[PDB]
Each structure stands twice: as structure tokens, then as C-alpha cells.
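# Descriptive structure summary
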Amino acid sequence: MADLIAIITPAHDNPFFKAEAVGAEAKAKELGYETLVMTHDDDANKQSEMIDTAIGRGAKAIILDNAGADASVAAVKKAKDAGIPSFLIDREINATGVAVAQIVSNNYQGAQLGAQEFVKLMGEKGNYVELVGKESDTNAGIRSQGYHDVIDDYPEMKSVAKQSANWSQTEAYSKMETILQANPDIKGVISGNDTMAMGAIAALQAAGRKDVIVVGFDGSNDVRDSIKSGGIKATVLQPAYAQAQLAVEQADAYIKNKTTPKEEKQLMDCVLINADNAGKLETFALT
Ligand SMILES: OC[C@@]1(O)CO[C@H](O)[C@@H]1O
Ligand SMILES: [Ca+2]
């Protein structure tokens, strides 16, 4: 009898997406909804299958962390034309007026915070590597732009490789091994996300290069723990749990009386995480 909210994210092997799913589920149930939690594994066909499932089950709203900024438009529009609104988190789509909300972190602002800390830790000089995210996710390019708009003020810092590891810890490990072999004279690595930072720090440790400075982005417990143990030096918190809950709150308001947010596209502030506040961070929230 209870209304159903469908929650669709990428795979839960990245703790960011698991945390979004659990935060969205918690808020939905707190507000009296049943939930259907599905993963699309960054596969647009799987995402389309899951949206079909939400439609067939009669979901009253979809919470979506999407499988590609371009590829996801049609599936969101399919749900819309079936009378089911979507509230997107984390990742934008390249279309307005289709989703009811797109609630994302302020990726450019956050990336600048991380790069400013990276520059400081690097002493404004030295060779570095950059790991970038998936081309299909606009966050990858926004963060890389924020990083370079900071780092291009420091002429003694030089990028000696810039490679995508597709938001994957395992790809980042393998990539980092290759990059390090070709560029032993590196002083730091700046990563577009935390799973790639985890892969990079592990590859560097296996190579006996604990001297290399690594900065990530997301604020996961895994990277927090690395910061606490003297591994990775900093990251940038995206408020994943609160963002997922806010999407459900807006979904509920829309279901109840068609309240819509004044602006579809919404930003949430990021915060730098380093050794001084890592001990206040838990499951993508500071206390
Ligand atoms: O690790 C989570 C992400 O940083 C990677 O994919 C999306 O952009 C997230 O924000
Ligand atoms: Ca600049």
C-alpha cells in the first residue's frame, strides 16, 4: 500500500555510491515510502533496464546517480513520459527540463580546494601526475579544470602524465604502476576521485614510493583512513549522504503536492579534508 521510491546508482564497490543509496533509502523510509534499490554498473543499457523495472513496479519517483551525462537523457525522459519524476544526485545530465532536480556537489569549487592543498603540500614545485575520471561523467572534466586553474599559477609544477582511470581503483593501480615506471621523478599525484587515489597510493607503496604526495576527491572512509595513517595527504568531501537525503525530500514534496524546487540544478558545497579534520569525518559527513 505504501508508495515506492526507486533508487538507482552505479555499483556499490565504490563506497560513494553505496552511501548515496543507503542515505536515500533511510530518508525514504523515514517519510513512509518503500524502496527499490538497483545498480546500473555504469552501463546505460543496465540503467535503462532498471528504469523499466521502476516503471513496471509503479515507483512514484526515481533517485538517480546516472550512467552517463548524454546517454541517460532518454531513460529519464522515458520515466517522465510515464508520469514518474526523477531527482538526480551527484552526476548531471546534458539536458534541462527533463529531471525535476539535479542536486550535485560544487565540483569546480571543491576541485580548487583540493588543488590548493596539493600545491601547498608540493611546495609550489615539482613533477606531478593526474588521474582523471570517466569521459561520460561531466564531473571528470570539471574537476580537472578546477585543478588546472589553480596549478597553472605555479610554473615550477609540471604535469608529466594525465590519464583516465575511469573512477576505478583497480584501473588506477594498474595505470599508476605504468606511469611511475615511465616517470620515476614524480613528487605528487592529484586524483579526480577517491577510489583512484586508493589505487594510486597502493601502487606507490608497492613500489617503495611512500614519499609521493597524493590528493583525492570525495571524502570516503577509505581515504580518510589513509590520511589518518600517513598515506594519502588530503581529499575533498562531497556531502553524499545529505545530498541523497535532500533528493528524497524534494521527491516527497513533489509527490505530496507537486512542489518543485525553484531551480532544477542545485549545488552543495565541498570541504577540504586533511589530517586536522579527518577524525571528524564519517560516512561522508563531518561532525
Ligand atoms: O567516486 C565518486 C565520484 O567522485 C566518481 O563518480 C562521480 O563523479 C562521483 O562524484
Ligand atoms: Ca590560474
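Structure: above.
The following paragraphs examine the structure supplied in this document. (Residues numbered from 1 in each chain as written, not as in the entry; some residues may be left out. Chains lettered and ligands numbered in written order. Heavy atoms only, no water. Residues with missing side-chain atoms left out of burial classes, pairs and counts.)

### Quick notes on the coordination of the calcium ion (ligand 2)
All of the protein donors around the calcium ion (ligand 2) are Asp149 (O), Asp152 (OD), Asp153 (OD) and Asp153 (OD); their distances to the metal are 2.3 to 3.1 Å. Within one chain, the residues serving as donors to the calcium ion (ligand 2) are arranged as D-x2-D-D. Given the relative accessible area of 55%, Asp152 is considered exposed. (Donors = N, O, S within 2.8 Å, 3.2 Å for Na, K, Ca; no water. Buried < 20%, exposed > 50% of the residue type's maximum accessible area, 1.4 Å probe, protein only.)

### What about the site of ligand 1?
Around ligand 1, a shell composed of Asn14, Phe16, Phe17, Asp90, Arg91, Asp137, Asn139, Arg143, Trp167, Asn193, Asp218 and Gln238 is seen. One of the side-chain nitrogen or oxygen atoms of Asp218 is found 2.6 Å away from an oxygen atom of ligand 1. Interatomic distance of 3.0 Å between a side-chain N/O atom of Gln238 and an oxygen atom of ligand 1. In the complex, the protein chains occlude 100% of the 270 Å² of accessible area that ligand 1 would expose alone. Of the residues in the shell around ligand 1, the class split is three nonpolar, four polar and five charged. When residues of the shell around ligand 1 are sorted by domain, at least three fall in each of domain 1 (1–105 + 240–268) and domain 2 (106–239 + 269–287). (Near = heavy atom within 4 Å. Polar contact = N/O pair within 3.5 Å; in protein donor to acceptor, adjacent residues only side chain to side chain. Areas by Shrake-Rupley, 256 points an atom, 1.4 Å probe, with all protein chains shown as cover. Nonpolar A, V, L, I, M, F, W, Y, C, P; charged D, E, K, R; others polar. Domains from an automatic or database assignment.)

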